[PDB]
Undergrad: 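Here it is, the structure in full.
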Amino acid sequence: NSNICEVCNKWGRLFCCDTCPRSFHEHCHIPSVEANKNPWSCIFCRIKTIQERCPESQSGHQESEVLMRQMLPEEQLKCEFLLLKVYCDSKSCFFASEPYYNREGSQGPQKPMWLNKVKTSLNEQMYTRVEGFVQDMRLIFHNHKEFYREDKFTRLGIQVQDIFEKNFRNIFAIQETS
Ligand SMILES: [Zn+2]
Ligand SMILES: [Zn+2]
Ligand SMILES: [Zn+2]
């Protein structure tokens, strides 16, 4: 196994996957690393199994159909993995915890949103469709763009949103376009 967490790239108290060489901090893995279960298989492994059991699941999809899917177990897992892929980027630090807004010339968003809040919402099964999860994720970056206006710090929103969108298109096998 790796000697650093796959998500945050730090050492510490790691749990090791039994079916691949990745390791995780307890609360870096999503869902949080399960108490027992020997062998234990990480989210990367579980996602690969879905694809292997149904190879046609990689054929192209329309985003509009993906968003209307109910959050059954497989869609729940895919959203968890997409959330995890965002946390994997170190720039996710800026969007993880509850923000506050006091900048001359700007007003805070009407509906603040942050990664840990999405994490809790997934954990508590608060989303009934994929659309719920994707809307909250995109709201994080949209709030950031609007608040920071012409400050160059707006670019962090652009950057982390691009990670989100690339991973959304990969995980849900969105039909490639020009
Ligand atoms: Zn970690
Ligand atoms: Zn694994
Ligand atoms: Zn099949």
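We're numbering straight along the sequence, starting at 1. Computation of the quantities below employed the complete heavy-atom set of this structure, encompassing side-chain atoms and omitting hydrogens, waters and symmetry-equivalent molecules.
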Undergrad: Do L67 and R129 touch side chain to side chain, with heavy atoms closer than 4.5 Å?
TA: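 SC-SC contact between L67 and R129 ruled out.
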Undergrad: Which atom names give the shortest non-hydrogen contact between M137 and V118, and what distance separates them?
TA: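 Nearest heavy atoms, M137 then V118: SD-CG1, 3.9 Å.
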Undergrad: Tell me the closest heavy-atom pair linking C42 and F24, and the distance in Å.
TA: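 Smallest interatomic distance, heavy atoms only, reads CB-CE1, 3.5 Å.
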Undergrad: Heavy atoms only: give me the nearest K91-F95 pair and the separation to one decimal.
TA: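 Smallest interatomic distance, heavy atoms only, reads O-CD1, 3.7 Å.
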Undergrad: Mind checking whether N167 and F81 have side chains closer than 4.5 Å, heavy atoms only?
TA: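 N167 does not reach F81 side chain to side chain.
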Undergrad: Please report whether the ring centroid of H144 lies less than 6.0 Å from that of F94.
TA: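 No, too far apart.
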Undergrad: Counting the benzene-type ring for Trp, do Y148 and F153 have ring centres under 6.0 Å apart?
TA: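 Yes - the distance between ring centres of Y148 and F153 falls below the 6.0 Å cut-off.
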Undergrad: Show your working on side-chain contact (heavy atoms from CB on, under 4.5 Å) between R13 and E26 and close with a plain yes or no.
TA: CA-CA 8 Å; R13 183 59 197 111; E26 178 167 12; over 6 Å; no
Undergrad: Within 45° of the ring axis of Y87 and under 6.0 Å from its six-membered ring centre, is that where the NZ or CZ of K119 lies?
TA: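 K119 over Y87 ring: yes.
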Undergrad: Is there a salt bridge (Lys or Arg N to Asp or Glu O under 4.0 Å) between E6 and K85? Walk through the geometry before answering.
TA: CA-CA 10 Å; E6 184 82 355; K85 286 292 196 151; over 6 Å; no
Undergrad: Please report the C-alpha distance between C88 and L84 in whole Å, then the side-chain angles of each, then the deciding distance to 0.1 Å, and finally whether the side-chain contact (heavy atoms from CB on, under 4.5 Å) criterion is met.
TA: CA-CA 6 Å; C88 290; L84 177 138; 3.8 Å; yes
Undergrad: Please check if atom CD in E56 has more than 12 non-hydrogen atoms from other residues, nucleotides or ligands closer than 6.0 Å.
TA: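 Above 12, so yes.
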Undergrad: Just how far is it from atom CZ of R155 to atom CG of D162, taken to the nearest 0.5 Å?
TA: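 The CG atom of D162 is 11.0 Å from CZ of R155, to the nearest 0.5 Å.
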Undergrad: Do we see a donor-acceptor contact under 3.5 Å between the side chains of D136 and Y127?
TA: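 Result is yes, a qualifying pair exists.
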Undergrad: Show the numbers, then the answer: is there a side-chain contact (heavy atoms from CB on, under 4.5 Å) between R103 and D151?
TA: CA-CA 11 Å; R103 183 195 188 241; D151 196 298; 3.7 Å; yes
Undergrad: Verify ring-ring contact (aromatic ring centres under 6.0 Å, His included) between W11 and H25, making sure each step is shown before the conclusion.
TA: CA-CA 8 Å; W11 180 75; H25 297 98; 9.1 Å; no
Undergrad: On a heavy-atom basis, which atom in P31 and which in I43 lie closest, and how many Å separate them?
TA: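 So the two residues come closest at CD-CD1, 4.5 Å.
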Undergrad: Please report the closest heavy-atom contact between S23 and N1, naming both atoms and the distance.
TA: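 In this case the closest contact between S23 and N1 is OG-CB, 3.5 Å.
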Undergrad: Looking at side-chain heavy atoms only, is the closest gap between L139 and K111 below 4.5 Å?
TA: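 With C-beta onward as the side chain, the pair touches.
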Undergrad: Identify which one of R138, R169, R69 satisfies the salt bridge (charged side-chain N to carboxylate O under 4.0 Å, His left out) criterion when paired with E63.
TA: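 Filter result, single survivor: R138.
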Undergrad: So, do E131 and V66 sit near enough that their side-chain heavy atoms are less than 4.5 Å apart?
TA: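 A side-chain contact under 4.5 Å is absent here.
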Undergrad: Before giving the answer on side-chain contact (heavy atoms from CB on, under 4.5 Å), spell out for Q51 and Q58 the whole-Å C-alpha distance, their side-chain angles and the decisive distance to 0.1 Å.
TA: CA-CA 7 Å; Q51 284 172 20; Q58 298 161 280; 3.9 Å; yes
Undergrad: Could you label the plane-to-plane angle of the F164 and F141 rings as parallel, tilted or perpendicular, counting under 30° as parallel and over 60° as perpendicular?
TA: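 Rings of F164 and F141: tilted, 30 to 60°.
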Undergrad: How long is the span from the NZ atom in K10 to the SG atom in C5, to the nearest 0.5 Å?
TA: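 Interatomic distance, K10 NZ to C5 SG, rounded to 0.5 Å: 10.0 Å.
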Undergrad: With a 4.5 Å heavy-atom cut-off, do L115 and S92 have their side chains touching?
TA: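 Sidechains of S92 and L115: in contact.
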Undergrad: Just how far is it from atom CG of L14 to atom CG of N3, taken to the nearest 0.5 Å?
TA: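 Taking CG in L14 and CG in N3, the distance rounds to 8.0 Å.
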Undergrad: Can you find a heavy atom in the side chain of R149 that is under 4.5 Å from one in the side chain of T154?
TA: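 Not touching, per the 4.5 Å side-chain cut-off.
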Undergrad: Identify the heavy atoms of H61 and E65 that sit nearest to each other, and give their distance.
TA: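 Taking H61 first and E65 second, the nearest heavy atoms are CD2-OE1, 3.4 Å.
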